[PDB]
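Chains as they are written, first to last, in the entry's author numbering: chain LL, 13 to 129; chain LC, 54 to 313; chain LY, 1 to 134; chain CR, 3 to 73, 126 to 138, 144 to 154, 164 to 235. By construction, the Cβ of each residue, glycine as well, lies at the ideal position given by its N, Cα and C atoms. The block underneath contains the structure these notes are about, expressed in structure tokens.
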Amino acid sequence: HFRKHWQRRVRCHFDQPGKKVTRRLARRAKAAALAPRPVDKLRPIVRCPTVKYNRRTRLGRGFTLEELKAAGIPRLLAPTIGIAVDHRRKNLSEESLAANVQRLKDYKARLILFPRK
Amino acid sequence: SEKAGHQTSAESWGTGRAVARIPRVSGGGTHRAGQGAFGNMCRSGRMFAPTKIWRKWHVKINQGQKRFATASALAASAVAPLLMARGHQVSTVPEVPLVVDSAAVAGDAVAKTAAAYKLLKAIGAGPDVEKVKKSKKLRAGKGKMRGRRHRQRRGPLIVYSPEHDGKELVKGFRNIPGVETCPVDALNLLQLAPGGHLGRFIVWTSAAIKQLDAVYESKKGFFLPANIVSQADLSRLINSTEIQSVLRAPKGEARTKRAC
Amino acid sequence: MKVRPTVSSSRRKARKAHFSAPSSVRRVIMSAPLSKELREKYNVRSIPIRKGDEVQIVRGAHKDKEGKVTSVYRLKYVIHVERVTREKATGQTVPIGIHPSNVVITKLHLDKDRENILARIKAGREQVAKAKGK
Amino acid sequence: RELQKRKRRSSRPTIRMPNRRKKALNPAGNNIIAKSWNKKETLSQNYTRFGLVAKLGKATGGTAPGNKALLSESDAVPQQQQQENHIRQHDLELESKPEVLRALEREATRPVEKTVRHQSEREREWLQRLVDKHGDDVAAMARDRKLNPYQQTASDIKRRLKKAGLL
RNA sequence: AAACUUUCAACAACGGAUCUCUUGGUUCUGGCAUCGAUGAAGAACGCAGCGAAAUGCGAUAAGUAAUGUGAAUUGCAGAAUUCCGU
RNA sequence: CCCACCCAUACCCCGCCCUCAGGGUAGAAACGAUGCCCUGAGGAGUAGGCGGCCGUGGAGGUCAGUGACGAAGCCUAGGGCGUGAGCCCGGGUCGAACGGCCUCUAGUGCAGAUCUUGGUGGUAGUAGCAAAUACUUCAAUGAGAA
RNA sequence: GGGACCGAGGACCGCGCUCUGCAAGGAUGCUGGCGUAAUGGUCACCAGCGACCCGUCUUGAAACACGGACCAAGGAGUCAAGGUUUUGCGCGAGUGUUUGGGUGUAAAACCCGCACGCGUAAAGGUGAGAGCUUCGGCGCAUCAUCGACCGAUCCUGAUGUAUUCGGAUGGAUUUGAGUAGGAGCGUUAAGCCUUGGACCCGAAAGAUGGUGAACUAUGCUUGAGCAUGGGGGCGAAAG
RNA sequence: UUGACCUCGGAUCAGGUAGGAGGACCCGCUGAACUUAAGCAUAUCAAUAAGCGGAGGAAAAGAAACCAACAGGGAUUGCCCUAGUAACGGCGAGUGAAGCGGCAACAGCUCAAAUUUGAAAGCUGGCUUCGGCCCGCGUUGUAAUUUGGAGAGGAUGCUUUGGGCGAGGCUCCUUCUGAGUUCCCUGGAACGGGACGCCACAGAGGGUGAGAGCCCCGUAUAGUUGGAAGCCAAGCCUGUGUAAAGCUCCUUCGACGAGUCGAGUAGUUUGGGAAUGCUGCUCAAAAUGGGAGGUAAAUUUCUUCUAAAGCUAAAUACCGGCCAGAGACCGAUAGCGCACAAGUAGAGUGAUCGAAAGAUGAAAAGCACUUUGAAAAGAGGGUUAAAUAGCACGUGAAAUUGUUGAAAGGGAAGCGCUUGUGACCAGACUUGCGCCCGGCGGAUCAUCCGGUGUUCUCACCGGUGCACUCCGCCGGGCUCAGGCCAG
Numbered sequence: 013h014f015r016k017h018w019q020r021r022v023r024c025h026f027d028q029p030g031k032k033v034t035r036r037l038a039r040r041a042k043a044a045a046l047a048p049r050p051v052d053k054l055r056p057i058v059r060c061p062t063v064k065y066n067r068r069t070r071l072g073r074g075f076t077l078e079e080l081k082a083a084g085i086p087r088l089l090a091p092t093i094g095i096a097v098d099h100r101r102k103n104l105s106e107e108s109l110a111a112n113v114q115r116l117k118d119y120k121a122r123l124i125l126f127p128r129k
Numbered sequence: 054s055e056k057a058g059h060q061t062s063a064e065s066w067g068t069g070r071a072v073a074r075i076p077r078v079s080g081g082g083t084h085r086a087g088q089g090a091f092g093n094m095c096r097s098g099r100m101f102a103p104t105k106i107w108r109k110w111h112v113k114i115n116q117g118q119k120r121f122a123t124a125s126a127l128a129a130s131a132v133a134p135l136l137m138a139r140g141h142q143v144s145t146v147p148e149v150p151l152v153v154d155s156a157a158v159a160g161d162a163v164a165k166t167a168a169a170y171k172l173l174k175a176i177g178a179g180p181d182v183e184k185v186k187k188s189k190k191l192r193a194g195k196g197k198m199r200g201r202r203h204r205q206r207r208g209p210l211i212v213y214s215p216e217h218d219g220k221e222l223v224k225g226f227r228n229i230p231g232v233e234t235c236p237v238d239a240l241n242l243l244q245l246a247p248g249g250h251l252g253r254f255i256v257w258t259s260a261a262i263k264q265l266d267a268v269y270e271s272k273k274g275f276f277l278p279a280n281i282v283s284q285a286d287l288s289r290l291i292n293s294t295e296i297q298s299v300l301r302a303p304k305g306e307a308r309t310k311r312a313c
Numbered sequence: 001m002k003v004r005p006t007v008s009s010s011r012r013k014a015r016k017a018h019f020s021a022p023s024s025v026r027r028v029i030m031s032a033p034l035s036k037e038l039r040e041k042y043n044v045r046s047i048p049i050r051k052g053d054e055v056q057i058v059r060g061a062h063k064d065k066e067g068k069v070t071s072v073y074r075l076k077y078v079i080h081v082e083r084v085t086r087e088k089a090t091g092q093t094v095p096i097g098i099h100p101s102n103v104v105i106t107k108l109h110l111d112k113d114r115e116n117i118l119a120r121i122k123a124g125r126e127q128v129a130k131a132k133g134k
Numbered sequence: 003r004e005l006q007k008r009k010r011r012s013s014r015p016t017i018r019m020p021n022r023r024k025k026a027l028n029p030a031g032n033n034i035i036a037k038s039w040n041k042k043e044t045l046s047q048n049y050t051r052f053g054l055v056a057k058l059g060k061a062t063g064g065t066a067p068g069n070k071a072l073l126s127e128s129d130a131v132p133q134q135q136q137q138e144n145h146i147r148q149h150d151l152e153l154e164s165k166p167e168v169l170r171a172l173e174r175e176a177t178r179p180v181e182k183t184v185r186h187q188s189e190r191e192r193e194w195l196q197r198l199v200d201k202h203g204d205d206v207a208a209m210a211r212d213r214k215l216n217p218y219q220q221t222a223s224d225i226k227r228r229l230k231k232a233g234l235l
């Protein structure tokens, strides 16, 4: 499959050790700004779509509105305390709901909050 | 450069004139004009098969084979003949694994470089740190012009425990020529077998010998390999009472007398 | 060995910088050790040379020859010393070049900036000795 | 290329750019994290000392040993077991350890300032005029039109009276 | 017998190979984001005692102001110009 | 028809080299079992196939390697080693670095390509004084001064 | 009896004989000569015999054709991706750390969380046969011969059937890359194949975008253009 | 007659802006041939190169008219895998995705559709005593409120605030911070060799008259002096208006983008005739609407999103810009065309084409002075360690050439084998051991003494002596073994 000019469009990766240093420095640079906070926001536990991966389970994008209200976290506060929020996702079953309001309840137990001023 | 030898406007003179059909540059007012171009035969041309970035520079080696090779280099370092076959002046140390007390290396005790020198002389590493100092020699060849100006030997490799000794010992040994420092969790084959030759002189510490069982247990996907030979002394296999009792009588001698 | 990334271990960049240096940083390169008496009094090891410095040549074919600096030629990294000269073919006596690293300064040419140089080296040398001692 | 050869031959000096970064790598200030952050240990190593979590996702690789940073029902209700329609909207009513974590807990639990808002001077005059006519009858005060131009319910007036100390 | 030609050796030429060198190139990686009608990039004309197939500068013309350093520049002429000093 | 003589890389005996084959070699050998010893047979060669070995640039280890009391290079009607590619030494020159071994690596080995670039010949002090340019000298055109 | 060429091996061991030692599994004894030269090397020259162009490329033939003035330096099967065969190596029904994360003495080394690629998974007789043996016999791998089971289609046509559906049982003179007690994954090295400039040099063409298109007269059209492609000029080829 | 409003113009009126460069990477437009298919036209080449337009430090994309058929996922982008699979194919050449999954990075929003109508609450300019005054825009709509997994309005009760200074800290530049020029030898010169030291969080690198950790610059580490601009910020002054904000509840409401979908047709393009997408032409929509899927399952049952308006960091690219660090790279016919006067010199009408050329010495000490004579030249003499290093300059190969010496030859000779002669060069076994006698001296001798180290029975020193023993040395005597070639 070398019918076209593959010479002009070949990309090597000698920056693979150098990009890893930059990526680890970006995580250190981010943690200097958000010094007591974790680097990454909290994400929900969701089930993979297809029949091939139904039995597996991964992290989603953000918590549903019903999950936040059941846990006791107000919607407009959640992005400001490290909880990602997805308005598109729906619950559609009690098993998806109960797994995530356990996760948010477990987040609140391990969370320490500091007053505003 | 991908454009080396291609920055010319040369056309062949064809079958007309009595010249070799090699592309010759146009123009008529310069010494360049009329000269051959665009060929490996030609001065200021392009070389055959120009070197490319996408040559295979790095080699993938299986992790099991890397840990096998590290296990063999560690075992060869516990053998006293293999130390002196590797060029180490090892005739003064009183035990060939040479485990030093961690209380003599832990913390600020070796953090000064003068104190690190005194410890090596006491335990018997003195001839080895003097061997590398006296072997300072300019490099034979054109690598001098490329940042590689001197060649010296290798000295003892100090192996320590970062959990129980700290990293202050690294700074004390850093200036002493030849001697190298390596944690017990991150052993390196390029340091254990320099040049592919086995038998590095290693100055262990007492905290590292305790950890050596643990670090080789924690390696997942790998176990200490079983040898295909249990008794590697072949003279014991052959000159044993059990083997020699069953043999046939010798059919001849080592030298055979000429019959006719 | 070198640690800081701004430092370069290139022979090419070092040789370019030495031989294409400005005269301000040629002055620091063109520096000489002080005598044993001057070391034990100013607590200073090495200062750059200026014109008025009485000096003593301790390396080369003109060893153990003492004199005053006549010229600090920074373009060829040369100092000139009184009565250290050779004759041309014509008989005209020309100064002989000694590098500043081949001489030891016996007497300084002291002005206000020179005492400030000597104070700053003594302040740093005293500070680290105190920091190492206690 | 042809630009770079001009600067090699020119007498103009090279302009050496200092090694600057858009984002600082190490935290600074007088707070708890900045006064206990080690310059030479990683993010995971520093948060392990603090007792805090750095990454909330799942592990993308093997971590070093010692790291703690990268981590009766009548109606059939799947939420009854996880219990403990209006909620507080601005804060969260919440319930051997490292020194940094114990120091941060003293910052969280530290008592705060109330900073009570006050009624404006004309607002007190509007309310005092209402007491001076109707006394404590909140129904007539809401139903009054001259002294209550912006027509407010008795429930709003009663709250403003109780704040101003006029019952 | 001279000469002429050939081979070899010593010495002397021609030529610039070989060895050594390298303020050059090539390739990789990293930090950063900045030309122009407030006249850019480029093209000329000029400015130094002897100067270019250089470099700097613009009638304030191998430069002025300001800050720092602290005693030069240098191929030759030449400067009562500056050394406890804006 | 008879007798005697001459010589092939052929045949016979001997020596030596190599290949192949058979045998021996451990309570180890009077030599790296990848060693050593004994015996036999065989030896042409294009395309082609396989094995070993020599040499060049650079990299890791090593020789406690060589070197301004002279490294590398080069020259040489000298002493050697190898079947060979090659390797060592002497004499002269010269003036700053270089080599042996085990591995690694490659822009790695030339008599040709009407090969490339450079340098230099015969033709030949010949054909020639045509173009081309080198130096000297001479004319004019326009200015001067003695 | 006369002569020539040769002396391999290196304690003893054997076969023997004419047995106090021999000519019997390979040369010792005695005498002489040798450092102002024993014995070699290089160059030059004479002499006897032999041969007297190299690389390519054809031929029954090179006595064909091509290349060669000389010397120095340069100069041509390489590197990627993908197949395949064999050797070495690790692990093994599994194997592959290196997209990425952690860590570091910082492009090295060391560590691995979930996936993913490929693969595996979703016991018969007889006779030979290496090896062993209580000498009675066991019998690897592999081959051959008859069996066993899975699927297929055919006919035979059970309990049954929704009453028009069924395939059970019995056989095939059939099939498969069928099963019958795994062998693969990763890597290093070598050879071959495909595609890239593809061992090095060498067409005529085609396309894209630009630069130039000298002079003369006349006529036509809307200062410019067109034409007489006219009149002159350049090149070609016939020794 | 006057004065509006609209529309179109003038002005060397005031305030602004665009052009050009660069273009490695980025976004559009336009668009070719050779080649392959051993011929060639569909196809490939290639949605490439050339041409045109437009940006930035990134750009572009981007918060579903999405993927899916699930127990569901949930903006965009990039890596691995999917996978040389699906799909389309003169079914030849070949071309060639995507969803799922593991990662990297993560961030959400602004309008139009409403009546502020109990008060255009908004904004550009000008004059300004900087404090607040005028003109104009604008109702053909500028603020606030809202943007469909929403919202509005009431009611009810809890929960939230706003400005200004600002010590100090981070980033980056700067100042200073270790130790031999100790003795001897070679050398023109120690930076080499030998002896004795010292520093080392510094034995990276460069210079210095030859290989320098300690002669010089630097290098390592924490500090330390001064400064620049951004950002953060302990605290400290003030706040305020019946001002704004979030949730709850509901006998009240809830507006969502048109010459756009779509139908036919032509061109283009894609793996993709629900056209895969786009564009042109003709016609031209809807509101329990529209789009894309799923399904033989018995009728289009169900599933999932809302198009025709807009913004937005990060993970990604990078032959260019400002710098910086590197290398199993090249080493002056190499490496960029250019290590140096290099896009220079030179050529062409022009577009364009485009070279050759590095090295004295440690230091010019770059040859004074005498004497030839017309010269880029000699002979003396001098500098230098060296001038057979003299700006023709490190070393200085071969082709080729001259002089001197030997020998040969007359269309010879050259190469192979074998002697001979001459010239030059070399120089054979490196040439030793063993006994006896006398003397001298040390020991490993002495059951001598003392000490040290050790592997704990072996070594080494110091002092004693010559009864024995053994080594040497000196002076005599004797014997043996010796390399090669002949007979």
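Whole-angstrom C-beta distance between residue j and residue i, which should lie under 8 Å
| i | j | result |
| --- | --- | --- |
| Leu242/LC | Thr234/LC | 16 Å between Cβ atoms; not a contact. |
| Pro29/CR | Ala38/LL | Not really, about 15 Å apart at Cβ, beyond 8 Å. |
Limits of the alpha helix (DSSP H) - the one that residue i falls within
| i | result |
| --- | --- |
| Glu148/LC | Unbroken run through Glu148/LC: none, as it is neither H nor E. |
| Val69/LY | Taken as a continuous stretch (DSSP letters only), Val69/LY belongs to no alpha helix (DSSP H), being part of the beta strand (DSSP E) at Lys65 to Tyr73. |
| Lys107/LY | Per DSSP, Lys107/LY belongs to no alpha helix (DSSP H); it is in the beta strand (DSSP E), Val103 to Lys107. |
Nearest candidate by alpha-carbon position, reference residue i, set the options
| i | options | result |
| --- | --- | --- |
| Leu191/LC | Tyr170/LC, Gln205/LC, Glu183/LC and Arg308/LC | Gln205/LC |
| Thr104/LC | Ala131/LC, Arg139/LC, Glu148/LC and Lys56/LC | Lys56/LC |
| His99/LL | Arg59/LL, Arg73/LL, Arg115/LL and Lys64/LL | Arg73/LL |
| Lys2/LY | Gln264/LC, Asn228/LC and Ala159/LC | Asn228/LC |
| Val256/LC | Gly89/LC, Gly69/LC and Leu127/LC | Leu127/LC |
| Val146/LC | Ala133/LC, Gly67/LC, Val237/LC and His217/LC | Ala133/LC |
| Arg96/LC | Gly58/LC, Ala102/LC and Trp110/LC | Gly58/LC |
Short Cβ contact (8 Å threshold) for residue i with residue j
| i | j | result |
| --- | --- | --- |
| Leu46/LL | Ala176/CR | no |
| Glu127/CR | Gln134/CR | yes |
| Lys57/CR | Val58/LL | no |
| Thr61/LC | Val78/LC | yes |
| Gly94/LL | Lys42/LL | no |
Delimiting residues of the beta strand (DSSP E) encompassing residue i
| i | result |
| --- | --- |
| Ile121/LY | Taken as a continuous stretch (DSSP letters only), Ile121/LY belongs to no beta strand (DSSP E), being part of the alpha helix (DSSP H) at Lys112 to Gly133. |
| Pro48/LY | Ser46 to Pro48 |
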